[PDB]
Amino acid sequence: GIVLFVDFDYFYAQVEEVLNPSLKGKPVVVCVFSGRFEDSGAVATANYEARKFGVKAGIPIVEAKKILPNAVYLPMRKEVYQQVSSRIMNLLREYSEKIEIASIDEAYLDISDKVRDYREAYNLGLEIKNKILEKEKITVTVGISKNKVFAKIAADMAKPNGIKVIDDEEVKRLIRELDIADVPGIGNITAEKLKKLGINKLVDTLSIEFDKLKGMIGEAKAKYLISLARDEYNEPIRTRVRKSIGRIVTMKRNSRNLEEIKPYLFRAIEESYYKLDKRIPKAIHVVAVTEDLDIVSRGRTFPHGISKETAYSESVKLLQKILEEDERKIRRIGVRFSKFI
DNA sequence: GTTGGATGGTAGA
DNA sequence: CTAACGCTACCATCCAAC
Ligand SMILES: Nc1nc2c(ncn2[C@H]2C[C@H](O)[C@@H](COP(=O)(O)OP(=O)(O)OP(=O)(O)O)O2)c(=O)[nH]1
Ligand SMILES: [Ca+2]
Ligand SMILES: [Ca+2]
Ligand SMILES: [Ca+2]
């Protein structure tokens, strides 16, 4: 069983660089401008030239422009990146129809039938890298292992423009030597709970009773980790089904005023609903980010599917209920649909 | 007890 | 306006309901 994971390098900024090759070689920061004020918003991605100066996904545009004034700052054109991505994901389908598109820029390919071994996998990895470079001039990092998790870990270790096989033996080495924080699904919160438990490595999750581990990081994560540590993890490459579609916007300024907020919400509905495309949601959540950036949400799951009209009406009620059960001003308002029929 | 929805936490794209 | 986007997936947990 062999999983080839592809993660496009600095995706958004690279697409920007491919569209505008005069950009390659200098810092490119792809930004999501919130609109509140001059350069309000956050960096979506920066190329590695920008990253060398700490401009990375998540920092405020003004921080980025503080630490990297000269860079090229480009609005995020998510649809453009999605088009390139889909073309690449299609390229990847020509290597394995058994593909899991995990995000805009990463897929797992089960290549067990395409390859007999890690060496052919590697060769396929190179082939895959070249095809995407030929077809889309996008460099990608390839991570090959016996499962998704380690293929992702392989890729993280090889980024950018890398290719890395974690064979069955390194898998066993990494279960023992890899900081468990480096395991996908283990963020800062889980890492810092695993430290407390003295769990620094996947292997340490076997040296602990389930419930004590569970009682810290949760049943699912505990099982996950233990299954990884056991070299049993064998989650299949399954075609992903969007479970939720949503749209959230920053408001020009914070508001507790429904009438000022609604336009944003309805836009989020219009856009969410447009992006549902055929999919009928049974659940709608109005998500509000407050002044202090707490995320608050009120949702409803109807038996049957929600129409755009019912979305408009229910969202306003849910927004009503947010405004009512939380005293804070709302800074971002969004909607999220889910439970598709 | 246990579903499953509401809501939030966490991780990550 | 004064930093903190927007997006999804998964899961924990509370609580009402069954
Ligand atoms: N708006 C926004 N988009 C993000 C964020 N993080 C990632 N993305 C989008 C932009 C990235 O180009 C794309 C792929 O995610 P990655 O984590 O793989 O970032 P990227 O490819 O740019 O770096 P790469 O060389 O893997 O490390 O996902 C984020 O925090 N905000
Ligand atoms: Ca990634
Ligand atoms: Ca990437
Ligand atoms: Ca981590």
Side-chain angles (χ1 to χ4, degrees), chain A residues 5-8 10-12 29-45 56-67 73 75-76 78 81-82 85 100-107 148-149 152 155-156 181-193 214-224 235 238 240-255 264 268 271-272 275 282-303 318 321-322 325-326 331-340:
Chain A
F5 174 69
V6 182
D7 200 327
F8 313 160
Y10 56 111
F11 190 46
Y12 290 11
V29 186
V30 169
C31 309
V32 193
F33 300 99
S34 52
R36 327 197 92 210
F37 51 92
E38 195 193 356
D39 309 328
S40 96
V43 178
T45 194
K56 51 181 189 292
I59 91 171
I61 298 162
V62 298
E63 287 199 358
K65 283 178 159 284
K66 195 212 336 80
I67 66 188
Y73 292 85
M76 186 189 54
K78 167 84 170 285
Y81 313 143
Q82 182 54 66
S85 175
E100 172 173 343
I101 299 181
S103 92
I104 192 154
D105 83 317
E106 36 181 72
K148 292 203 299 192
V149 176
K152 183 158 178 212
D156 295 337
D182 298 343
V183 176
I186 307 315
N188 314 103
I189 306 314
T190 302
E192 289 305 315
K193 289 165 160 180
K214 164 182 196 271
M216 202 59 47
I217 66 171
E219 200 189 61
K221 227 164 209 61
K223 282 177 195 287
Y224 176 62
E235 288 303 307
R238 40 186 54 263
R240 292 203 191 200
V241 188
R242 206 66 65 139
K243 269 145 180 41
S244 67
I245 305 256
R247 168 70 189 152
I248 177 172
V249 301
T250 296
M251 299 182 288
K252 231 59 156 41
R253 55 200 215 163
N254 309 313
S255 192
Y264 294 98
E271 289 161 28
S272 309
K275 304 176 193 175
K282 285 148 158 181
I284 179 181
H285 289 264
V286 170
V287 185
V289 179
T290 51
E291 280 204 56
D292 55 24
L293 287 172
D294 202 31
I295 304 191
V296 175
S297 101
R298 289 303 177 277
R300 194 185 152 173
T301 293
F302 297 70
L318 301 168
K321 180 180 189 191
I322 283 177
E325 301 175 341
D326 195 303
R331 162 193 175 98
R332 320 182 50 229
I333 190 59
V335 73
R336 173 148 294 261
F337 294 100
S338 52
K339 305 193 190 193
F340 303 134

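To find a chain, count down the sequence lines: A is the first, B the second, and so on, and within it residues start at 1. All values below were derived from every heavy atom in this structure, side-chain atoms included, with hydrogens, water molecules and symmetry-related copies excluded.
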Identify whether any heavy atom of [X] sits under 4.0 Å from a base atom; if not, whether one sits that close to sugar-phosphate; answer base, sugar-phosphate or nothing.
X	answer
A:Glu38	nothing
A:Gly334	nothing
A:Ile186	sugar-phosphate

So if I take residues 287-300 of chain A and measure heavy-atom distances to DNA chain B, which residues fall below 4.0 Å?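 A:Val296, A:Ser297, A:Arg298, A:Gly299, A:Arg300 - these, ordered by number, are the residues of the stretch whose heavy atoms sit under 4.0 Å from the strand.
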Taking atom [atom2] of [N] as reference, at what distance in whole Å does atom [atom1] of [X] sit?
X	N	atom1	atom2	value
A:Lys214	C:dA12	NZ	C1'	10 Å
A:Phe11	C:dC7	CZ	P	17 Å
A:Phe33	C:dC5	CZ	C1'	11 Å
A:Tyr264	C:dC5	OH	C1'	15 Å
A:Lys321	B:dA6	NZ	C1'	7 Å
A:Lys221	B:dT10	NZ	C1'	6 Å
A:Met251	C:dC5	CE	P	12 Å
A:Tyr81	C:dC5	OH	P	18 Å

Would you tabulate the nitrogen or oxygen pairs shorter than 3.5 Å linking the protein to nucleotides 8-10 of chain C?
| residue | atom | partner | partner atom | Å |
| --- | --- | --- | --- | --- |
| C:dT8 | OP2 | A:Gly246 | N | 2.8 |
| C:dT8 | OP2 | A:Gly246 | O | 3.1 |
| C:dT8 | OP2 | A:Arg336 | NH1 | 3.4 |
| C:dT8 | OP2 | A:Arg336 | NH2 | 2.3 |
| C:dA9 | OP1 | A:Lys243 | N | 3.1 |
| C:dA9 | OP2 | A:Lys243 | N | 3.1 |
| C:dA9 | OP2 | A:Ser244 | N | 3.1 |
| C:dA9 | OP2 | A:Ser244 | OG | 3.1 |

Considering all heavy atoms, the nearest [X]-[Y] contact:
X	Y	result
A:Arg298	A:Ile322	CG-CG1, 3.4 Å
A:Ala44	A:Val32	CB-CG2, 3.8 Å
A:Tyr81	A:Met76	CE1-CG, 3.6 Å
A:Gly185	A:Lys221	O-CE, 2.9 Å
A:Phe337	A:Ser272	CE1-CB, 3.3 Å
A:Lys275	A:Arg247	NZ-CD, 4.2 Å

Tell me yes or no: between the side chains of A:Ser34 and A:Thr250, is some donor less than 3.5 Å from an acceptor?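 No donor-acceptor contact under 3.5 Å links the two side chains.
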Exercise: do A:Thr301 and A:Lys282 side chains pair donor with acceptor under 3.5 Å: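 No, no side-chain donor-acceptor contact under 3.5 Å.
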Taking 4.0 Å as the cut-off, does a side-chain nitrogen or oxygen of [X] come that near to OP1 or OP2 on [N]?
X	N	value
A:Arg332	C:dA4	no
A:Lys339	B:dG5	yes
A:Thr250	C:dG6	yes
A:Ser40	C:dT2	no

Take A:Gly41 and A:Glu219, find for each the nucleotide of DNA chain C with the closest heavy atom, and name the residue whose nucleotide sits nearer the 5' end.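 Its nearest nucleotide being more 5', the pick is A:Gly41.
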On DNA chain C, check which nucleotide each of A:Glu271 and A:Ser34 is closest to and give me the residue with the more 5' one.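 Counting from the 5' end, the first nearest nucleotide belongs to A:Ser34.
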Please give the distance between the P atoms of C:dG6 and C:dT2 as a whole number of Å.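 Straight-line distance between the two P atoms is 14 Å.
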Could you tell me whether A:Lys65 sits above the aromatic face of A:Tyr73, with NZ or CZ closer than 6.0 angstrom to the six-membered ring centre and within 45 degrees of the axis?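 Relative to the ring axis of A:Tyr73, which defines the angle, A:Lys65 lies inside both limits.
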When you measure from the side chain of A:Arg36, which nucleotide among C:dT2, B:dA6, B:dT10 comes out closest?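 The answer is C:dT2, which lies nearest to the side chain.
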Measure from the side-chain heavy atoms of A:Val32 and tell me the nearest of C:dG6, B:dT10, C:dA3.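 Among the listed nucleotides, the one closest to the side chain of A:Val32 is C:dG6.
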Determine, for A:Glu100 against A:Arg238, whether the closest basic-nitrogen to carboxylate-oxygen distance falls under 4.0 angstrom.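 Here A:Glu100 does not pair with A:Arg238 in a salt bridge, since their nearest N and O are not under 4.0 Å apart.
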